[PDB]
Each structure stands twice: as structure tokens, then as C-alpha cells.
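The chains carry the letters A, B, C, D, E, F, G, H, I, J, K and L, assigned in the order they are written, with residues numbered from 1 in each.
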Amino acid sequence: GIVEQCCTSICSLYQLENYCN
Amino acid sequence: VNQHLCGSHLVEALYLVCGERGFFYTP
Amino acid sequence: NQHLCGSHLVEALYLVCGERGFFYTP
Amino acid sequence: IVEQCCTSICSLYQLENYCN
Amino acid sequence: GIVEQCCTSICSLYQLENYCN
Amino acid sequence: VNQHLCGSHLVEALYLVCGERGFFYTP
Amino acid sequence: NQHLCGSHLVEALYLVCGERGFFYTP
Amino acid sequence: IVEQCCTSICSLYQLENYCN
Amino acid sequence: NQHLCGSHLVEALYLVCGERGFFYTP
Amino acid sequence: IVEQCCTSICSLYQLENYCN
Amino acid sequence: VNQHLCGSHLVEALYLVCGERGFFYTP
Amino acid sequence: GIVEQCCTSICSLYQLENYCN
């Protein structure tokens, strides 16, 4: 999950753009 | 508790990054 | 700007909705 | 939501409407 | 204290509304 | 140091949550 | 909106006042 | 404070007035 | 206010630039 | 940057210009 | 990961504190 | 570095004013 993914390791703007609608 | 403050910065980023496209937030 | 509000809007939604999560669109 | 809560300030109540 | 209470365990909006005037 | 970043999000929440009622912040 | 400023106001007060804490009212 | 610092930008000095 | 935007501007720059860092001036 | 991105909203692209 | 959320509050402070004087951010 | 300095120990407004231009 977003949290699971991005609060353990630092996510790039690119990896965040995935959770967009 | 770390995860909660982190979530806050997550949605902020998602906001900038997603933009007009929008997004859903789920923990 | 209205974009600035959106930033404050999601933070709020973030605190209000919680585990339930939420959706934002413009 | 932008329409609603960016012209007049929305209460915790009105925002809660926007939760998933 | 607010910090003592809410920075160790996650506080609900309800538990925060207490520190209001 | 965690407590300091946390305090920052605390007052932000307190701001939304307290509103017209206002609040005092003490660590 | 003026509500948006309040949000930025407290953050500032937060950094400026510190351990001393502070008060916010509208 | 809203009156003071939301119409014209307040210095670190003017804000410090609002500390407890 | 325009000062409020500056606050949101740097946060953005912060997320966009990253390790590269960035500069802000008014 | 203030001139650019505070009157009209700047894209991730236009901001990236301001990185060091 | 802590350092990243921290950096975010750093630049925010630097913004208030530096003001017209401006600043450069490097990690 | 700013990070090195200020993310391990809490920096005062005065110590931050140094990284200004």
C-alpha cells in the first residue's frame, strides 16, 4: 500500500504518480 | 505514529504530482 | 490561486477521514 | 469540494462527506 | 501533555478537540 | 527530533479541529 | 480565504515560539 | 494576529509577540 | 498574500528537485 | 518563480527548472 | 525516510526564517 | 549539512538563519 510502499523507503515522484486517478 | 506523519506528506505529494488527474488515499 | 486551497483541503481530509481514506478531484 | 470548500470555509462536518 | 499524549500514540480528532479553548 | 516534527502536525490539526474556538500550544 | 493564512500563521508561531508555546485565536 | 499578519506579512519579530 | 504561495512553492520544489536541492528567492 | 508560478499554477515541469 | 520528512520541515522553516534573503537547499 | 545538522538534533531559528543567502 501507499503507506507500505512509501513510508518505509523514500518514493520518487514517478513512483507516486502511479497512485493517481 | 511515524506512519501517520508520513501519510500527511504522502497526500501532499500526491496532490502536487497528481494534479487535475486526482487521487484516492487509502492506508 | 485555488490550487493553494486544494493543498489545505487534502490535509484536512487527511485528518478527518483517517483510516477510511478519501478522494480528491478538481 | 473545491467549489464547496474553497469559497466558504467547510466545517469538519462538511468535509467528512468527502471521505472514502 | 499534547506532545506526551499525541506523539507517542496517534490521537483522534476527538481527542485533539480537548486541547481547544 | 521526532517530537518536533510531530508538534508541527499537532498544531496544524489543532488549528482545523479547534477553529473559531482557538487553542494554546504547550510542549 | 483568510483561513489559509491562519494555517500558515500557526506554523510560523510554532517555529518562532518553540518550547514557550503560543496561543491562536480568530 | 489575523488582522495584523494576514493583510501585511509579519516579521519573525512581530510574530514573536504572539508566543505564550 | 503571495507569501503563502512561496511556502507552497518551496514544498513543491522540495519534492521535485530532491537530492539535487534547489534555490528560492523573492 | 514567484512571478511565474504564483499568478498561474506551474507544472512539475516548470518547477523543475528551479532545481539546483 | 525520517530524513526526508524532516527535510520538508527544514525548507519550510528556512523559508520563514530566510524571507527576502532567500536560500539554497542541499542534502 | 543542513540535514546532517538539523535532522539529528533540533535546530533553533538562529542556527537555521545561517543557511540563508
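Convention: a contact is a pair of C-beta atoms (placed from the backbone, for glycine too) under 8 Å apart; a residue touches a chain by one contact, two chains touch by 3 or more.
The contact pattern of A-B recurs in K-L, the pair among A-K, F-L or K-L where over half of the contact pairs coincide by residue number. Comparing chain pairs C-F and A-B, the larger number of C-beta contacts belongs to A-B.
Between the Cα centres of chain I and chain J there is a gap of 9 Å. One finds 26 Å separating the Cα centroids of chain J and chain L.
If you average the CA atoms of chain F and of chain H, the two centres end up 18 Å from each other. Touching of two or more other chains is recorded for residues 6, 12, 20 of chain J.
In chain G, the residues that touch at least two other chains are 1, 3-7, 11-13, 15-18, 21-26. Note for the complex: chain G touches chain K at residues 11-12, 15-16. For chain G in complex with chain H, the touching residues are 2, 5-6, 9, 12-13, 16-18, 20-26.
Listing the residues of chain F that touch chain H in their complex gives 24-26. Residues 4-5, 8 of chain G touch chain I in their complex. Note for the complex: chain B touches chain F at residues 1-2, 5, 8.
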